[PDB]
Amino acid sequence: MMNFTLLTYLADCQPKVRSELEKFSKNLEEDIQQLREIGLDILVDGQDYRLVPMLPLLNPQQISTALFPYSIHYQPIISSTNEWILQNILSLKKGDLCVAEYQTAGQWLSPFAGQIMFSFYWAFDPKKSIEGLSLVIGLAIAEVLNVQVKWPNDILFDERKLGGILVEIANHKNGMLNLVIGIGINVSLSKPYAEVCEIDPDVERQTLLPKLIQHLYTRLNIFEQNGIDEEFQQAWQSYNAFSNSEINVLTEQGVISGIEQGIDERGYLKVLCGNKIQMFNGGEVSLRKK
């Protein structure tokens, strides 16, 4: 069982003596070791216990001044960035974000401060359709990092997953379509996955996070107008790593083989299997390469 309070107190990544630490944990050394097992690195030098970040910690006010006017909440340790946006939905506007260094619920040995992890609140017209939204989120991320996309919502470098996207619908009666979009991008992971450190060795999470968020909001606004138009489908093809490739579509009824044929106006995957094009929805099916 993870000691959440101990992790939160150690989150500043500054040294803390056991006299204070013994308050948050009862059997302390058993809990420090349990945190070490889940991939966190707590090093005790002499009498000083310190948590080690994989990358330099983020500065909240630097992000806030860079992403004005969007309101930013920074928590070093949180259960879920999506839950905070959901739980505080009544106090937020478009683009308000919850950025964290570690998510306790969610890689397995995921590192503290090794990922760009943020969630944000977005609203659409209640009539509007969100079909293809996860494709817009992925394409924006791929364009910023000059990497590839995989349908429906995978970001790829060297055919390896560089991050993940989670789009959720809030059960709030705003008269609008309320969505929490969650993003995790691997920057430096301790080690079938990829990290931005490979593509850009001198990358800094402080600069990349506003860059990604700004382009993401552009494409979301483009989606509100253009939809999944022909220009978007051309943009998808440019960054698709599975374009016109021999693919296997894993479905609840088994695997359908064929050749990838891009996307339609609803964001559905188009595959040529036999002599007909078969279309699939993202949540129901999974994409792989023969």
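Don't overthink the numbering: it's just position in the shown sequence, from 1.
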**Study point:** Residues of the deposited sequence that sit between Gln107 and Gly106 yet are not modelled
**Key:** 4 to 9
Review point. Residues with no coordinates between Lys191 and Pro192 in the deposited sequence, how many: none, 1 to 3, 4 to 9, or 10 or more?
Key: 4 to 9
Check your understanding: Looking at the entry, does 200 to 208 or 113 to 121 show the higher mean C-alpha B-factor?
Key -> 200 to 208
Review point. Do the CA atoms of 88 to 96 or those of 153 to 161 have the higher mean B-factor in the entry?
Key: 88 to 96
Review point. For the listed residues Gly138, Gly184, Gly175, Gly132, which one has the largest C-alpha B-factor as given in the deposited model?
Key: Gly175
Practice item. Could you check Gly258, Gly46, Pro53, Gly262 and tell me which one carries the biggest Cα B-factor in the deposited entry? Key: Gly46
Exercise for review: Determine, from the deposited record, the chain-internal third of the Cα B-factor for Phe68: lowest, middle or highest.
Suggested key: highest
Point to revise | Modelled-residue ranking by C-alpha temperature factor, third containing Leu28 | key: highest
Practice item. Sorting the chain's modelled residues by C-alpha B-factor, tell me whether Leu40 ends up in the lowest, middle or highest third. Key: highest
Practice item. Pull the Cα B-factor of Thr251 out of the PDB entry and bin it into the chain's lowest, middle or highest third. Key: middle
Exercise for review: Could you say whether, by C-alpha temperature factor, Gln234 belongs to the lowest, middle or highest third of its chain?
Suggested key: middle
